[PDB]
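Taking it in order: structure first as structure tokens, then the write-up.
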Amino acid sequence: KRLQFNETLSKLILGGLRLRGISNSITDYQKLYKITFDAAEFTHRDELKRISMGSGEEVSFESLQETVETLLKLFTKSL
Amino acid sequence: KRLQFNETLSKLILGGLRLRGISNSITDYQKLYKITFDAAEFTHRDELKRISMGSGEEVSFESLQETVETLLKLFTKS
């Protein structure tokens, strides 16, 4: 779990939420962000572990973009 | 929730993991179960809340199964 992954994931979720007109001043925005973030980490857990093990890897932006879109699509259908 | 949602959700996760050949012996099995359980509850949060408040609704098997499948597909990519 490198910092670059963290920052890229955070940006993708912020952008995904904003793109959906979901404002950070609503009651479940924080819960929505957190579970998306945690789920996205868990999705890429194996590579994050390898990165931590010095594989010198980098989670690709494109794959993370798919993960976030899948999760936000799932988590915001009722919204 | 709606206790029936919770009981069915458990069965669908256990069943989805079984179909995929993922045994409870593997190292991340319980976290995999738990995060899928919670993400599925979250997905249907709004209806589940109305249900607990007496709306008379019921999350359909189809919808819940699609939820579980979306999550397990995403979470078991390895």
Side-chain angles (χ1 to χ4, degrees), chain A residues 1 5-6 8-10 12-14 16-17 19-53 55 57-79, chain B residues 1-2 5-6 8-9 12-14 16-17 20-78:
Chain A
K1 198 351 210 282
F5 173 97
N6 194 79
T8 298
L9 176 52
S10 178
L12 286 163
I13 300 171
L14 292 170
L17 291 183
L19 204 57
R20 292 164 168 80
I22 304 167
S23 58
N24 71 9
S25 67
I26 71 180
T27 169
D28 69 319
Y29 176 98
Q30 179 181 338
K31 296 190 187 306
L32 177 55
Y33 181 105
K34 170 171 170 51
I35 194 163
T36 302
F37 189 96
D38 289 346
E41 277 193 333
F42 189 80
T43 294
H44 296 267
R45 64 190 177 287
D46 284 337
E47 189 165 353
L48 295 180
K49 186 179 186 177
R50 297 193 304 260
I51 290 182
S52 305
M53 291 185 292
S55 65
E57 264 167 322
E58 184 182 38
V59 178
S60 81
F61 169 84
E62 194 280 324
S63 67
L64 194 52
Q65 184 182 237
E66 295 187 22
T67 298
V68 171
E69 176 69 357
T70 295
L71 291 167
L72 288 180
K73 192 173 190 168
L74 186 70
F75 291 159
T76 69
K77 180 55 193 176
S78 76
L79 300 194
Chain B
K1 336 92 168 61
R2 194 56 152 185
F5 174 97
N6 289 359
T8 297
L9 168 56
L12 285 175
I13 296 166
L14 295 175
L17 294 172
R20 290 172 167 82
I22 303 172
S23 79
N24 50 33
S25 73
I26 77 153
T27 174
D28 49 307
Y29 183 89
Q30 288 302 306
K31 184 157 208 291
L32 178 55
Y33 175 89
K34 180 68 149 56
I35 195 172
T36 304
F37 189 94
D38 294 336
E41 299 272 339
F42 190 83
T43 300
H44 300 279
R45 58 198 183 282
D46 286 339
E47 187 167 4
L48 287 177
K49 172 150 89 294
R50 299 192 304 267
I51 287 172
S52 68
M53 286 177 187
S55 71
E57 305 169 273
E58 191 179 30
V59 182
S60 74
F61 181 93
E62 318 86 71
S63 189
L64 177 55
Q65 172 68 279
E66 280 184 26
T67 294
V68 169
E69 279 302 305
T70 290
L71 292 164
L72 287 180
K73 173 174 192 179
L74 188 66
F75 291 159
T76 63
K77 181 56 177 179
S78 80

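Here is the naming used below: chain letters follow the sequence lines, and residue numbers restart at 1 for every chain.
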Is any residue of residues 68-78 of chain B within less than 4.5 Å of chain A by heavy atoms, and which ones?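 Residues B:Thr70, B:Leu71, B:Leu74, B:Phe75, B:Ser78 are the ones that qualify, each having a heavy atom under 4.5 Å from chain A.
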
Chain A contacts: which residues in residues 45-66 of chain B have a non-hydrogen atom closer than 4.5 Å to it?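 Answer by number: B:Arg45, B:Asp46.
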
State which residues pass side chain to side chain contact (heavy atoms under 4.5 Å, CB included) with B:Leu14; sequence neighbours excluded, sorted by chain then number.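 B:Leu14 satisfies side chain to side chain contact (heavy atoms under 4.5 Å, CB included) with B:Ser10, B:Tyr29, B:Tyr33 only.
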
Quick one: list whatever passes side chain to side chain contact (heavy atoms under 4.5 Å, CB included) with B:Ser23, sequence neighbours left out.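 B:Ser25, B:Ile26.
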
